[PDB]
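> This structure is in structure tokens; I'll ask about it shortly.
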Amino acid sequence: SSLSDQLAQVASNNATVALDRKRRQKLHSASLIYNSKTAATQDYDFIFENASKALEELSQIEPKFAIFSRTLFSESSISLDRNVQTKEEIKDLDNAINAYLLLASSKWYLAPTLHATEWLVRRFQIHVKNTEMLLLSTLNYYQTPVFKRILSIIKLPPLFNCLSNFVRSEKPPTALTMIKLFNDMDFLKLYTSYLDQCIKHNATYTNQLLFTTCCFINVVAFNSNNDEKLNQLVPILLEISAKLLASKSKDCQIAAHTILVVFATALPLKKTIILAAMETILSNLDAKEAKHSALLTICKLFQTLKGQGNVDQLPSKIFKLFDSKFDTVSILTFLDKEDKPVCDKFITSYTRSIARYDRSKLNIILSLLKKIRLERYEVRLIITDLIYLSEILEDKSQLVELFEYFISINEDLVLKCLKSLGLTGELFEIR
Amino acid sequence: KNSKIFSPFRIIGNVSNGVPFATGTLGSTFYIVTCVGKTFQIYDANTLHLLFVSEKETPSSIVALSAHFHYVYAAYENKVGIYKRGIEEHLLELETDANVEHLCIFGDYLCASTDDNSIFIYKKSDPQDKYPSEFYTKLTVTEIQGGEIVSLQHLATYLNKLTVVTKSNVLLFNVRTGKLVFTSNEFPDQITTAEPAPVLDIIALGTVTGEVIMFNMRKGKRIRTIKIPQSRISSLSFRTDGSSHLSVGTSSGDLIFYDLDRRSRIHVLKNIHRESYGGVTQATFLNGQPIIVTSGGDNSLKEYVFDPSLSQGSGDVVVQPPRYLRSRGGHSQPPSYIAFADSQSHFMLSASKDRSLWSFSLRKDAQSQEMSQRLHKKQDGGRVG
Amino acid sequence: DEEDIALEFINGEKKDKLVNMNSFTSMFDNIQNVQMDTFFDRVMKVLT
Amino acid sequence: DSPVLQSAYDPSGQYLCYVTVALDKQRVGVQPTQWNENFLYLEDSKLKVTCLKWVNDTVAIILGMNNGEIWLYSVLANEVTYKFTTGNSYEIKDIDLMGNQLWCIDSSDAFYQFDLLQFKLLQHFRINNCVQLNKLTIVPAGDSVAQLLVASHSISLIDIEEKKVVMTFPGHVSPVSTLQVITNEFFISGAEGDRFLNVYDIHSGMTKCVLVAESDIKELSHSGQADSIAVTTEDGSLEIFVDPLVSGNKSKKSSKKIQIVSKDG
Amino acid sequence: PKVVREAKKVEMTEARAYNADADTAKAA
Amino acid sequence: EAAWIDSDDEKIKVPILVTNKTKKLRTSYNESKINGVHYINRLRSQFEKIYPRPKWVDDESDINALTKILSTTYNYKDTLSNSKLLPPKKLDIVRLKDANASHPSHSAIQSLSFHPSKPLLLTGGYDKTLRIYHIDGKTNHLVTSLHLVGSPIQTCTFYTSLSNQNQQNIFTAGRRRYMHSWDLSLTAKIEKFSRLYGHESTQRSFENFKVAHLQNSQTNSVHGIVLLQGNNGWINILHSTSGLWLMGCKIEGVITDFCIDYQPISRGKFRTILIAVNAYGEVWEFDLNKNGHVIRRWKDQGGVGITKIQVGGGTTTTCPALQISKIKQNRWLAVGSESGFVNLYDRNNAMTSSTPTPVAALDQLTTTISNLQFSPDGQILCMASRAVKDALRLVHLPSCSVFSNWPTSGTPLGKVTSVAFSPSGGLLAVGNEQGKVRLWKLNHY
RNA sequence: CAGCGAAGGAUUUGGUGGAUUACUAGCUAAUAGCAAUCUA
């Protein structure tokens with residue numbers, strides 16, 4: 002290309018190294034704490050000693066920082082220069098920095114981590130070189146003067162380009178701009194990589210997960226009326242949904258339930274992928290809040306299923322697994338909940354599966370059929386499966402009790418299912 | 019018949035036909051040898067100009083061609099023609115009436131295979147001259163040993179071995195002593211593509227159901243399997259610039275880029291080539307290059323480049339989707355009506371049965387370009403119907 | 849009776865509530881110091 | 002344009018079987034030629060009649080649909096009796112039968128053998144060097160189940176046992192739309208779009224005559240001994256040639278022309 | 410301002426490839 | 122570790138310094154001919170430094207199934223196969239041939255109907271020439287074209303008897319004081342109903358009528374009814390075969406419109422209800438298989454002058470049944486105003502209310518509405534004005550969301566004055582004032 | 001205001017790619033080697 006941009010490239014390459022006094026002070030004056038004319042007279046040992054004090058108090062409030070004392074906040078670290086050593090030890094350096102940054106992603110409400118990280122900024126120059134992990138680790142606190150400060154001193158990466166009119170503006174960046182930051186899969190694959198590192202370090206927490214989930218449902222909201230964009234956007238959100246369920250935290254599990262429920266009501270998925278999602282959210286379900294939320298999200302997932310085969314049998318290994326994680330009386334009291342969420346298609350598939358893969362305890366199906374109301378094709382398919390069951394195994398008092406209940410309400414349904422299969426005289430013969 | 023007024027000259031405006039092309043390197047250049055019906059053509063890959071053509075046609079249609087450094091090995095009805103700079107330098111007549119199907123070049127031993135699982139392998143008279151000129155031996159795969167042949171190649175770092183890929187089995191050879199060495203396991207469906215990997219001694223092989231098996235021939239096992247729903251696979255390749263990327267090409271006109279380090283679809287490409295003319299006949303990475311050369315059966319050759327990543331810290335996880343780069347095409351159906359544009363006999367116009375209009379240039383064959391159907395807007399207020 | 853049972857099949861569907869691009873902007877007002885189960889109940893009540 | 006999608010006469014010319022479309026669903030109607048109201052409807056819009064032929072002898076149509084089925088359909092019992100499937104879900108392009116044995120031709124260029132007395136698929140073969148193919152005709156020599164004549168865009172001839180091309184013909188610039196044998200040695204070809212039928216010898220391949228209409232051909236009937244060929248033009252007129260094979270020595274013109282105008286202009 | 414999705418002049422770097430010539434031998 | 126042993130390469134020897142490219146993999150300056158397996162290992166390391174060895178080969182050797211199915215498939219929407227219903231907010235229209243194009247019309251298109259089973263469209267306008275087309279997706283022609291002088295027709299429709307289905311009577315009416323019936327028999338015999346038996350002082354016009362079946366309910370003489378409008382509050386129900394005044398019903402306030410809702414009673418019995426509105430917008434819902442006396446009455450939530458009421462979902466005028474057992478209870482009601490606000494009501498809970506709240510009260514088309522009709526299956530609502538161009542909207546329901554993708558501004562609707570559906574085909578037909586009727590179809594049906 | 005009018009119309013502008021001369025392949029120490037290397 003041309004000469005001007007051809008060496009603007011090498012200027013951006015060697016922006017980290019100070020070449021004289023003017024660029025040295027224009028590089029040293031970046032700070033998370035002090036302003037320019039104060040920060041231009043600090044030395045390294047001063048900010049190092051107050052940062053080490055900040056670190057040791059931060060390490061007694063969180064016991065996983067003495068390793069960074071031993072290897073990154075040591076006394077030789079003030080002499081360790083970054084851009085004087087080879088690519089392999091700079092790779093060691095910035096993955097250690099990334100470890101520290103995701104570890105200290107939580108603590109940004111309290112000033113010890115500000116004074117702990119400001120020496121890291123001033124010495125290892127993460128505000129120019131290691132900028133990405135810094136931004137998308139502290140992205141949760143976007144209404145805070147720490148984020149306004151760090152965005153005022155940052156050099157802005159090519160991904161976060163929507164924020165470049167929020168540098169040195171007193172207005173914090175707004176939620177709409179955060180959505181427009183999140184609204185391309187070049188950013189989203191990056192952010193899912195970061196969340197994968199947070200999962201496999203268990204550095205997840207209730208505020209980062211809340212913010213992440215809220216921006217993801219807002220991204221799906223903006224891509225509601227773009228079918229090609231939504232189908233383009235599936236295999237990353239569902240990917241970290243499945244990676245989010247693999248962890249142990251109740252909060253990330255119910256965040257996975259949140260993105261799953263909003264995505265299922267966003268677009269109609271297929272039966273095989275929604276069944277894999279159902280068994281996946283069941284296969285790592287431990288805490289009671291996760292039980293409650295997973296039951297709600299399973300019911301809504303199955304409610305947003307259309308086309309034929311919607312109310313069919315869930316198979317045996319997902320059915321017994323659902324019964325292993327959820328006993329029948331939990332289903333009964335959830336149906337006894339007074340809010341009455343619409344769960345008719347899931348309860349229809351549950352009735353057909355308990356009548357086909359257990360065929361033993363029909364007090365359950367009679368009780369919950371009394372407890373909810375249910376629509377006509379659902380009860381037609383239930384009583385068809387009941388006709389087949391009543392002819393394969395011999396009739397019982399429970400079976401004929403629910404049968405005469407379906408006599409007592411809406412006779413011509415079971416009459417027309419007998420017209421499809423036999424005759425009411427033959428059914429009274431099998432009575 | 020022979021004539022006495024007009025002599026035929028060249029069939030212009032024609033790029034590919036559906037035969038899998040080949041590629042060759044010269045220094046740090048790349049040339050693409052594609053087939054057009056009977057003659058072939060040699061493009062380069064940097065600016066995608068034409069460079070060479072065969073100086074005279076073949077008797078039958080070319081069924082299979084390959085390319086070493088300077089030389090192009092064409093293969094038609096019974097023979098294999100070793101060519102240099104588009105000029106035929108040596109015929110090689112095979113010792114049969116059977117029609118040749120595939121071939122490979124490695125080291126000294128050329129190896130072609132007919133349509134009855136019979137493999138003529140040839141050898142250079144002097145281990146210093148330029149092309150295999152002398153018949154060495156004739157292997158023959160029998161139906162006990164596997165199915166009927168579908169490819170053959172010598173994958174790397176193998177001391178004078180060879181790999182024949184049948185419809186049911188993989189089977190090696192030691193071509194010096196003419197010996198089979200290792201039949202592979204059984205494979206439960208028809209496989210149709212096998213391309214080697216730039217990692218040590220494994221070969222990726224895709225079936226008529228959409229799975230890619232990765233056979234490790236030194237181990238004799240399979241390493242991984244990429245499953246894909248109901249895709250008639252057609253053409254595999256690997257990317258060799260360090261960052262490992264597999265690339266499958268489905269005859270439904272699809273091009274799927276798989277990562278292999280984390281088994282993820284990087285990006286799909288839909289309807290890149292037309293479905294009905296064969297789909298993706300052959301697609302390959304240029305080695306040491308982050309570009310893709312695809313060619314369909316619909317008279318089109320394309321290049322797709324992979325951009326550098328936008329995540330300067332993350333890097334290999336965030337991969338930018340493939341752009342579109344240079345491409346050369348004609349219309350894919352026989353041209354209906356034909357005119358000459360200028361008095362200088364430089365441009366000519368075609369309009370074809372596939373309803374496209376092209377301005378071919380018979381002077382220099384990178385100037386030919388499609389005319390564009392973008393309506394001038396009605397500046398009196400009307401709407402386009 | 850096949851179109852009758854098809855018509856009953858399409859009759860047996862209640863009013864869902866779709867998503868649209870300005871339905872979830874209100875969550876950003878109380879993304880602060882809120883337990884995620886209460887967030888899940890909030891997004892389900894704004895959803896249905 | 003004609004609202005009849007297609008139509009075909011029974012042999013000896015007493016009934017017409019015609020496929021029309023009626024609220025995005027094709028229906029087949031039969032009609033005698035001196046009211047009948049047994050419209051066989053079709054199921055859905057993705058299922059339309061490509062080609063059809065009477066049989067002769073429980074009276075029946077066979078209808079090749081556009082998915083890989085041949086609906087052998089009786090006319091008396093107003094339903095499809097038998098459903099000849101193929102292995103592929105490809106739309107067929109023509110059918111022709113002789114006695115028991117029946118041939119179908121696919122879009123994927125395969126040739127299919129069927130037998131309407133035993134309801135099997137006898138054999139199944141695609142051949143090289145003929146790709147766009149849309150209509151065939153079995154050549155009769157008594158019991159010549161061999162040597163059928165396949166045609167699109169350059170007419171070919173096929174023995175069913177050696178299974179190779181035995182003789183190619185100069186086709187047309189368009190796909191062939193009518194391919195009717197007229198004697199034991201001559202056959203009419205006629206493409207779509209063109210006014211020019213041509214009689215080809217089936218042994219020497221030389222064009223004997225070129226029949227010139229005055230508009231585009233749509234269909235044609237011929238007498239049993241090829242002494243009279245009536246074609247129907249695209250603009251709705253009719254051109255009947257008398258004695259086309261007797262010699269205007271190379272390109273025979275239209276002998277008689279018939280149009281049906283009302284008295285209302 | 411949107412993210413600058415921006416192309417560039419592309420260049421073919423140096424190849425570096427195993428060749429098959431060293432894969433045969435001879436009995437001595 | 123190798124599954125095979127070549128047993129030939131170990132007895133080979135190669136002088137590696139014969140050429141340039143094979144002389145760098147020496148290790149001393151005195152070694153010339155090397156063994157075969159050593160040679161294999163040397164060039165194998167040369168290959169591994171000429172392309173590095175990545176991790177995915179030495180990874181492995183082939205709560206998970208979500209990742210597995212997600213890495214399997216591409217199209218993440220089930221709607222390719224069955225779909226059984228509509229997709230909301232984006233429908234699959236296509237265009238067909240303009241249904242007036244064979245034999246055009248001259249006046250407006252004030253009435254447009256379909257034969258209930260046969261593939262026939264009827265067009266009727268103020269130029270007093272009721273035409274009937276045979277319609278199809280390619281080229282659709284005129285079967286017949288009755289003209290009748292001195293009677294510019296306003297509304298006209300097909301009718302078949304429920305009992306023996308072989309009647310096929312058109313009914314047509316305009317601003318005059320006579321209407322016409324027609325038994326269609328492929336030269337026509339038409340009768341002119343003008344005998345008003347009971348009430349003769351309430352019709353300045355016949356220009357609004359419906360046709361509806363009813364049962365006898367002591368016998369089963371299922372037969373037709375013409376329902377004509379009057380002037381004060383009068384709507385008169387006649388006979389369709391004979392022409393006898395069956396009875397009449399007056400509501401209080403000026404009639405604006407009315408509709409007919411059937412409901413089954415047993416296997417073979419059914420009951421008809423007439424729904425009528427004011428301009429004020431309090432409706433009367435009275436059965437008329439017994440004598441016409443009000444069995445329900447309630448009030449629309451709003452409207453100053455409401456213009457058009459249409460019931461749908463089950464069977465109705467536009468989607469009629471053929472066998473008596475094939476008749477169905479409706480689901481949706483719709484009321485439309487001069488302000489444009491169309492309320493749509495469910496009728497599975499709102500037989501109990503006596504003041505029902507709307508399911509939705511939508512407003513997208515601004516001006517007054519003129520025509521609104523449901524689908525034959527009750528998933529599309531179709532609303533249209535007679536005031537401005539492109540004044541038609543389509544509403545997916547039960548979700549009650551307007552379709553966004555259609556109609557755009559570039560659709561050639563014209564100033565719409567009538568609209569109708571197919572009974573089965575999902576083939577929609579719109580008519581304007583400048584003469585042409587255009588034809589679309591819905592690819593889900 | 002009108003009409004034109006297939007699930008939008010009409011404009012501003014960046015970047016890349018192809019042309020703007022008439023298409024015989026790259027490098028070097030060049031009757032050859034290289035393309036993994038010109039070194040002993």
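Chains as they are written, first to last, in the UniProt record's numbering: chain A, 2 to 432; chain B, 19 to 403; chain C, 849 to 896; chain D, 2 to 35, 46 to 67, 72 to 262, 269 to 286; chain E, 410 to 437; chain F, 122 to 183, 205 to 328, 336 to 594. Even for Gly, the Cβ is constructed at its ideal location relative to N, Cα and C.
Which residues, in chain order, does the region 854-872 of chain C contribute to contact with chain F at a C-beta distance below 7 Å?
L855, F857, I858, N859, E861, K862, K863, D864, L866
> Within 10 angstroms of its Cβ, does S370 of chain B collect 16 or more other Cβ (buried), or is it exposed?
Taking the first residue of the second sequence as 1, we reach residue 370 of chain B at position 352. When all chains shown are included, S370 of chain B counts as buried.
> Using only the alpha-carbon positions, how far apart do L296 of chain A and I374 of chain F sit?
In the first sequence, the residue the question calls residue 296 of chain A occupies position 295. In the sixth sequence, the residue the question calls residue 374 of chain F occupies position 225. Their Cα atoms are separated by approximately 54 Å.
> Can you look up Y94 of chain B in the DSSP assignment and give me helix, strand or coil?
Here residue 94 of chain B refers to the residue found at position 76 when the second sequence is read from its first residue. When secondary structure is reduced to three states using DSSP, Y94 of chain B falls in the coil class, being assigned neither helix nor strand.
> Using alpha carbons as the reference points, say which of F:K132, F:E131, F:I133, F:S166 lies closest to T148 of chain F.
Within the sixth sequence, the letter at position 27 stands for residue 148 of chain F. Of the listed residues, the one whose Cα sits closest to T148 of chain F is F:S166.
> By the 7 Å beta-carbon criterion, what residues does the region 175-195 of chain A contribute toward chain B?
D187, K190, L191, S194
> Secondary structure at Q300 of chain B, three-state DSSP: helix, strand or coil?
Here residue 300 of chain B refers to the residue found at position 282 of the second sequence. Residue state, collapsed to three classes: strand.
> Which two residues bound the contiguous beta strand (DSSP E) that contains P136 of chain F?
Here residue 136 of chain F refers to the residue found at position 15 of the sixth sequence. 134-136 is the extent of the beta strand (DSSP E) around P136 of chain F.
> For the alpha helix (DSSP H) containing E229 of chain A, name the first residue and the last one.
Here residue 229 of chain A refers to the residue found at position 228 of the first sequence. Taken as a continuous stretch (DSSP letters only), the alpha helix (DSSP H) holding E229 of chain A covers 228-246.
> Considering Cα atoms alone, identify which of B:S270, B:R281, B:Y295, B:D279 is closest to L287 of chain B.
Numbered from its first residue, the second sequence carries residue 287 of chain B at position 269. Of B:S270, B:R281, B:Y295, B:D279, the residue nearest in Cα terms is B:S270.
> Using a C-beta cutoff of 8 Å, does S284 of chain A count as contacting chain F?
Translated into the one-based positions of the first sequence, residue 284 of chain A becomes position 283. For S284 of chain A, the answer is yes, since a Cβ of chain F falls inside 8 Å of its Cβ.
> Considering only residues of the region 57-85 of chain B, which uninterrupted beta strand (DSSP E) runs meet the minimum length of 3 residues and lie entirely inside it, listed in chain order?
57-62, 68-71, 82-85
> Which residue spans inside the UniProt repeat "WD 6" (252-287) of chain B form an unbroken alpha helix (DSSP H) run of at least 4?
none
> Evaluate the contact criterion for the region 185-205 of chain B versus the region 234-241 of chain B: three or more CB pairs, one atom per stretch, below 8 Å.
They touch, by the three-pair rule.
> Could you check whether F70 of chain B and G42 of chain B sit closer than 8 Å to each other, using their CB atoms as the reference points?
Mapped onto the second sequence, residue 42 of chain B falls at position 24. Mapped onto the second sequence, residue 70 of chain B falls at position 52. Taking 8 Å as the Cβ cut-off, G42 of chain B and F70 of chain B do not qualify as a contacting pair.
> In whole angstroms, give me the CA-to-CA distance for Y322 of chain B and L304 of chain B.
For this step, residue 322 of chain B is matched to residue 304 along the second sequence. For this step, residue 304 of chain B is matched to residue 286 along the second sequence. Computed Cα separation, rounded: 11 Å.
> Anything in chain A within Cβ reach of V419 of chain E, meaning under 8 Å, just list it in chain order.
Within the fifth sequence, residue 419 of chain E is the residue found at index 10, counting from 1. Simply none; closest approach about 12 Å.
> Listing by chain order, which chain B residues have their CB less than 7 Å from the CB of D127 of chain F?
Taking the sixth sequence and counting its residues from 1, the one referred to as residue 127 of chain F is at position 6. Near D127 of chain F (Cβ distances below 7 Å), the residues of chain B are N192, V199.
> Between which two residues does the beta strand (DSSP E) harbouring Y494 of chain F extend?
Position 345 of the sixth sequence, counted from the start, is the residue given in the question as residue 494 of chain F. Its beta strand (DSSP E) spans residues 491-495.
> How many Å lie between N36 of chain A and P159 of chain A at the Cα?
If you number the first sequence from 1, residue 36 of chain A lands on position 35. If you number the first sequence from 1, residue 159 of chain A lands on position 158. The C-alpha of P159 of chain A is placed about 26 Å away from the C-alpha of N36 of chain A.
> Do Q412 of chain F and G379 of chain F have their beta-carbon atoms positioned less than 8 Å apart in this structure?
Taking the first residue of the sixth sequence as position 1, residue 379 of chain F is located at position 230. Taking the first residue of the sixth sequence as position 1, residue 412 of chain F is located at position 263. Not closer than 8 Å, so no.
> Distance, Cα to Cα, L382 of chain A vs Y301 of chain F?
For the purposes of this step, residue 382 of chain A is taken as the residue at position 381 of the first sequence. For the purposes of this step, residue 301 of chain F is taken as the residue at position 159 of the sixth sequence. Between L382 of chain A and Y301 of chain F, the C-alpha separation is close to 37 Å.
> Do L87 of chain D and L131 of chain D have their CB atoms nearer than 8 Å?
As a first step, residue 87 of chain D must be located in the fourth sequence, where it is residue number 72. As a first step, residue 131 of chain D must be located in the fourth sequence, where it is residue number 116. Their beta carbons are under 8 Å apart, which means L87 of chain D touches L131 of chain D by this criterion.
> Less than 8 Å between C-beta atoms, sequence neighbours within five positions excluded: which residues of the same chain meet that for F211 of chain D?
As a working note, residue 211 of chain D is residue 196 in the fourth sequence. The beta carbon of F211 of chain D is closer than 8 Å to those of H187, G205, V225, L226, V227, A228 in its chain, skipping five residues each way along the sequence.
> Using 8 Å as the limit for Cβ to Cβ distance, is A429 of chain E near chain F?
Walking along the fifth sequence from the start, residue 429 of chain E turns up at place 20. It does not; no Cβ of chain F falls within 8 Å.
> Please report the distance separating the alpha-carbon of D209 of chain D from that of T193 of chain D.
Numbered from its first residue, the fourth sequence carries residue 209 of chain D at position 194. Numbered from its first residue, the fourth sequence carries residue 193 of chain D at position 178. Approximately 11 Å, taken between the alpha carbons.
> Should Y389 of chain A be labelled buried (16 or more other beta-carbon atoms within 10 Å of its own) or exposed?
As a working mapping, residue 389 of chain A is identified with position 388 in the first sequence. So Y389 of chain A counts as exposed.
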